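Student: just the starting chains for now, same placement as in the complex:
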Amino acid sequence: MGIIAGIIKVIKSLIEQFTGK
Amino acid sequence: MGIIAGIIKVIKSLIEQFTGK
Amino acid sequence: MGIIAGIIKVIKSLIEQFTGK
Amino acid sequence: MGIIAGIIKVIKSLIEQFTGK
Amino acid sequence: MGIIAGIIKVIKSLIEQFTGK
Amino acid sequence: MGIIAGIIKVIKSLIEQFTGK
Amino acid sequence: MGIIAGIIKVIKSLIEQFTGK
Amino acid sequence: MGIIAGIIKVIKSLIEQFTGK
Amino acid sequence: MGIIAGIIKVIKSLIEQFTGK
Amino acid sequence: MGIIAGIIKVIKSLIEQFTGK
Amino acid sequence: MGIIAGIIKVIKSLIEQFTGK
Amino acid sequence: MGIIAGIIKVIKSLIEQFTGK
Amino acid sequence: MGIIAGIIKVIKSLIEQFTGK
Amino acid sequence: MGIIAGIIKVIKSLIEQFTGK
Amino acid sequence: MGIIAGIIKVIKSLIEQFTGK
Amino acid sequence: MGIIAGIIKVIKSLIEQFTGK
Amino acid sequence: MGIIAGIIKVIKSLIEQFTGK
Amino acid sequence: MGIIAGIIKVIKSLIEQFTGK
Amino acid sequence: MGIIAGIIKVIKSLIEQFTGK
Amino acid sequence: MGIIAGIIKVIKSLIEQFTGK
Amino acid sequence: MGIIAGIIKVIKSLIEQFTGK
Amino acid sequence: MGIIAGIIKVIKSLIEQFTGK
Amino acid sequence: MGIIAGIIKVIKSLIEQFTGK
Amino acid sequence: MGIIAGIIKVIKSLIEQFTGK
Amino acid sequence: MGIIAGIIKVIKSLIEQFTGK
Amino acid sequence: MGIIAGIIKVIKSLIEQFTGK
Amino acid sequence: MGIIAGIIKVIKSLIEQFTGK
Amino acid sequence: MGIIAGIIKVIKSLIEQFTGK
Amino acid sequence: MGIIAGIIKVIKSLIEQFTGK
Amino acid sequence: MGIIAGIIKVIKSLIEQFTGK
Amino acid sequence: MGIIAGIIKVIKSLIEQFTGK
Amino acid sequence: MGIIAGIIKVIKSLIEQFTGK
Amino acid sequence: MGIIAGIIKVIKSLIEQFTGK
Amino acid sequence: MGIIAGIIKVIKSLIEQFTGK
Amino acid sequence: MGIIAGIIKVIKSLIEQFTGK
Amino acid sequence: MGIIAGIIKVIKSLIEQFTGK
């Protein structure tokens, strides 16, 4: 179902994706 | 389903995508 | 389904795409 | 479905695209 | 479906494209 | 479908294109 | 479908093109 | 379909082209 | 389809071209 | 299809061309 | 069901994806 | 059901994914 | 049911996934 | 039911997954 | 029922998974 | 019922899993 | 009922699993 | 009822499992 | 009822399992 | 009732299991 | 009732099991 | 009632089992 | 009532089992 | 009542079992 | 009442069983 | 009442059983 | 009352059983 | 009352049983 | 009252049984 | 009262039984 | 009162039984 | 009162029984 | 040859021994 | 040859021993 | 040869021993 | 040769031992 994959360097964040409702 | 992948360097953020509703 | 991928350096943001409704 | 990819440096923003409705 | 890609430096913005309805 | 790509430096803006309806 | 690409420096704007209806 | 590309410096504007209807 | 390209410096404007109907 | 290109400095304007109907 | 996998270096964060409700 | 797998180096964090409700 | 597996090096953390309620 | 398996090197941590309620 | 199995080297930790309530 | 099995080298720890209540 | 089995080398520890209440 | 079995080399320890109350 | 069986080499220890109360 | 059986080599120890109260 | 049986080589020890109270 | 039986080689020891009170 | 039986080679010892009080 | 029976080779010892009080 | 029977080879010993008080 | 019977080869010994007080 | 019977070969000994007080 | 009976070969000994006081 | 009976071959001995006081 | 009876071959001995005081 | 009876072959001896005081 | 009766072959002896004082 | 000797209190009896044929 | 000796209280009996044929 | 000796209280009996043929 | 001796209370019986043929 949900995936995140790579070189991930996120800082001090908020991050969203919706698929569905 | 949902993916994010690369060199990701997001800071102090809000980020959205919708697909669906 | 939803993807973001590259060198991503977004700051102090809001970002949207719709496909669907 | 939805993609953003490159060198992305967006700041203090709002950004939209619609395809569909 | 929807894409944005390059050197993107947008600031203090609103941005739209429609294709579809 | 929808694309924007280059050196993009838009500020304090509103921007639209329609193709379709 | 819809494209914008170059050195884009638009400010305090409204911009439209129609093709279709 | 629709394109704008160059050195674009438009300010305080409204801009249109129709092709189609 | 529709294009604008050059050094564009339009201000306080309205601009139209029709081809088609 | 429709083009405008040069050094464009139009102000406080209305501008039209028809080709077609 | 839910997955995260790569070289993950997230710091001082909040991160979300929804698929479903 | 729920999985995380890779080289995981997360620090000082909060991390979430929902699938379901 | 619930799994975590790889080279896991998480430090000073909080980490969550929900699937179900 | 619940599993963790790999090379696990977690330090100074808190770690959770829910599946169920 | 509950399992942990691999090369496990956890230090100075707290670790949880729930399945059920 | 409850199992742990592998090469287990845990040090200076606390470790939990719940299944049930 | 309760089992632990492998090469077990735990040191200076506390370790728990619950199944039941 | 309760079992432990393998090559067991635990040192300087405390170890628990509950099943039941 | 209660069993321990294998090659058991425990040293300088405390070890517990409960099943029942 | 209570059993221990194998190759048992425990040294400098304390060892417990409860089943019952 | 109470049993111990195998090759037993315990040294410098204390060893307990309870079943009952 | 109480039994011990095998090849028993215990040295420099203390050994207990309770069943009953 | 009380039994010990096998090849018994205990040395320099103390050994106990209780069943009853 | 009390029994010991086998090949018994105990040396330099103390040995006890209680059943009763 | 009290019995000992087998091949008994005890040396340099003390040996006890109680049943009763 | 009291019995000892077998092949008995005890040497340099002390041996006791109590049943009664 | 008191009995000893078998092949008895005791040497350099002391031997006791009590039943009664 | 008191009995000893078998093949008795005791040497260099002391031997006792009490029943009564 | 007192009895000894069998093949008796005792040598260099002392032998006692008490029943009574 | 006192009896000894069998094949008696005692040598170089002392032998006693008490019943009474 | 006192009896001895059988095949008696005692040599180089001392032999006693008491019943009474 | 006092009796001895059988095949008696005693040699080089001393022999006693007391009953009475 | 034949002997009976002791305190003999036989009643309402038949008694036999054979030695010879 | 044949002997019986002790406190003999046999009643309502038949009793035999053979030695010889 | 044949002996019986003790406190003998046999009733309503038949009793045999053979040694020889 | 043949002996029986103790407190003997046999009733309604048949009893045998053979040694020899």
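Tutor: Yep, it's here. Residues are numbered from 1 along each chain as shown, chains lettered A, B, ... in the order given.
Student: from here on, contacts and neighbour counts on C-alpha atoms
Tutor: Will do.
Student: distance check, the residue lying farthest from the centre of chain A against chain V.
Tutor: Within chain A, residue A:21 marks the point farthest from the mean C-alpha position, 16.8 Å out by CA atoms, centre = their mean. Distance, residue A:21 to chain V, by CA to the nearest CA, to the nearest Å: 60 Å.
Student: isn't that residue right next to residue K:21, touching?
Tutor: Yes - Residue A:21 lies in contact with residue K:21 (CA atoms under 8 Å); the separation is 5.1 Å.
Student: spit out the contact partners of the residue in chain A that chain AA sits nearest to.
Tutor: In chain A, the residue that lies nearest chain AA is residue A:1 (77.3 Å; CA to the nearest CA). Counting by CA atoms under 8 Å, 6 or more residues apart in numbering or on different chains, residue A:1 touches B:1-2, K:1-3, K:19, L:19.
Student: would you mind measuring from it to chain V?
Tutor: Taking CA to the nearest CA, one finds residue A:1 at 53 Å from chain V.
Student: quick one: the strands in chain A?
Tutor: A:7-8, A:18-20 (DSSP state E).
Student: residue A:9 and residue K:13 touch, don't they?
Tutor: No - applying CA under 8 Å, one finds residue A:9 not in contact with residue K:13, separated by 10.0 Å.
Student: the closest residue to chain AE within chain A and chain AF, how far apart?
Tutor: With CA to the nearest CA, the shortest gap between chain A and chain AE falls at residue A:1, namely 96.9 Å. In this view, residue A:1 and chain AF are 102 Å apart by CA to the nearest CA.
Student: now that residue: how far from chain AH?
Tutor: For residue A:1, the distance to chain AH - CA to the nearest CA - is 96 Å.
Student: and what of residue A:12?
Tutor: 107 Å.
Student: who are the neighbours in contact with that residue?
Tutor: Per CA under 8 Å, 6+ apart, neighbours of residue A:12: B:11-13, K:11-14.
Student: another chain to add, chain AK:
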Amino acid sequence: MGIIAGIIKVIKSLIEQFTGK
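Tutor: One more chain to add, chain AK, which I have set with the ones above:
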């Protein structure tokens, strides 16, 4: 040779031992 001795209470019986042929 053959012996039986103790508190013997056998009833309604048959009993045998062979040693020899």
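Student: chain AK added, so what about the contacts of residue A:12 now?
Tutor: Contacts of residue A:12 (CA under 8 Å, 6+ apart): B:11-13, K:11-14.
Student: again, only using 10 Å
Tutor: B:10-13, K:10-15, L:13 (CA atoms under 10 Å, 6 or more residues apart in numbering or on different chains).
Student: buried ones among those residues?
Tutor: Among the contacts of residue A:12, those buried by neighbour count (16 or more other CA atoms under 10 Å in any protein chain shown) are B:10-11, B:13, K:10-11, K:13-15, L:13.
Student: I figured the residue farthest from the centre of chain A was touching residue L:19, is that so?
Tutor: No - counting by CA atoms under 10 Å, residue A:21 does not reach residue L:19; the two are 11.2 Å apart.
Student: of all of chain A, which residue lies closest to chain AD?
Tutor: residue A:1 (92.0 Å).
Student: please tell me how far that residue sits from chain S.
Tutor: Taking CA to the nearest CA, one finds residue A:1 at 38 Å from chain S.
Student: burial count for whichever residue of chain A sits closest to chain G?
Tutor: For chain A, the residue closest to chain G is residue A:19, as judged by CA to the nearest CA, at 23.4 Å. Residue A:19 has 20 neighbours, counted by other CA atoms under 10 Å in any protein chain shown.
Student: relative to chain AG, how far out is it?
Tutor: With distances taken as CA to the nearest CA, residue A:19 is found 110 Å from chain AG.
Student: my guess is that residue contacts residue K:21, does it?
Tutor: Yes - in this structure, residue A:19 is within contact of residue K:21 by CA under 10 Å, at 8.7 Å.
Student: who in chain A is up against chain M?
Tutor: Taking CA under 10 Å from any CA of the partner chain as the test, the list of chain A residues beside chain M is empty.
Student: what residues does chain A put near chain AH?
Tutor: Checking chain A against chain AH by CA under 10 Å from any CA, there are no hits.
Student: enumerate every residue touching the residue farthest from the centre of chain A.
Tutor: Taking CA under 10 Å, 6+ apart, one finds B:18-21, K:18-21 in contact with residue A:21.
Student: attach chain AL to the model above:
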Amino acid sequence: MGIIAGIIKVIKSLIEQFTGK
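Tutor: Let me put chain AL in with the others:
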């Protein structure tokens, strides 16, 4: 040779031991 000795309460029986042939 053959012995039986204890508290013997055998009823309605057959009982054997062989040693020899």
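Student: take the contacts of residue A:1 again, chain AL included.
Tutor: B:1-3, C:1, K:1-3, K:18-20, L:1-2, L:18-19.
Student: name the residue of chain A that lies nearest to chain T.
Tutor: For chain A, CA to the nearest CA, closest residue to chain T: residue A:1, 42.9 Å.
Student: give the contact list for residue A:5.
Tutor: B:3-8, C:5, K:3-8, L:5-6.
Student: surely residue A:2 and residue K:19 touch.
Tutor: Yes - using CA under 10 Å, residue A:2 makes contact with residue K:19 at a distance of 6.9 Å.
Student: who touches both of the two?
Tutor: The contact lists of residue A:2 and residue K:19 share A:17, A:19, B:1-2, K:2, L:17-19, where a contact means CA under 10 Å, 6+ apart.
Student: so who does residue A:10 touch?
Tutor: Contacts of residue A:10 by CA under 10 Å, 6+ apart are B:7-13, C:8-9, K:8-15.
Student: report the contact partners of residue A:17.
Tutor: The contact partners of residue A:17, by CA under 10 Å, 6+ apart, come to A:2, B:2-4, B:15-19, C:2-4, C:16, K:15-19.
Student: mind doing that once more with 8 Å?
Tutor: B:2, B:15-18, C:2, K:16-18.
Student: try residue A:7
Tutor: B:5-8, K:6-9.
Student: likewise residue A:4?
Tutor: B:2-5, K:3-6.
Student: where does chain A get nearest to chain Y, residue-wise?
Tutor: Counting by CA to the nearest CA, chain A gets nearest chain Y through residue A:1, at 67.4 Å.
Student: please report how far the residue in chain A that chain AB sits nearest to lies from chain Z.
Tutor: Per CA to the nearest CA, residue A:1 is where chain A lies closest to chain AB, at 82.2 Å. Using CA to the nearest CA, one gets 72 Å for the distance from residue A:1 to chain Z.
Student: residue A:17 now?
Tutor: Taking CA to the nearest CA, one finds residue A:17 at 80 Å from chain Z.
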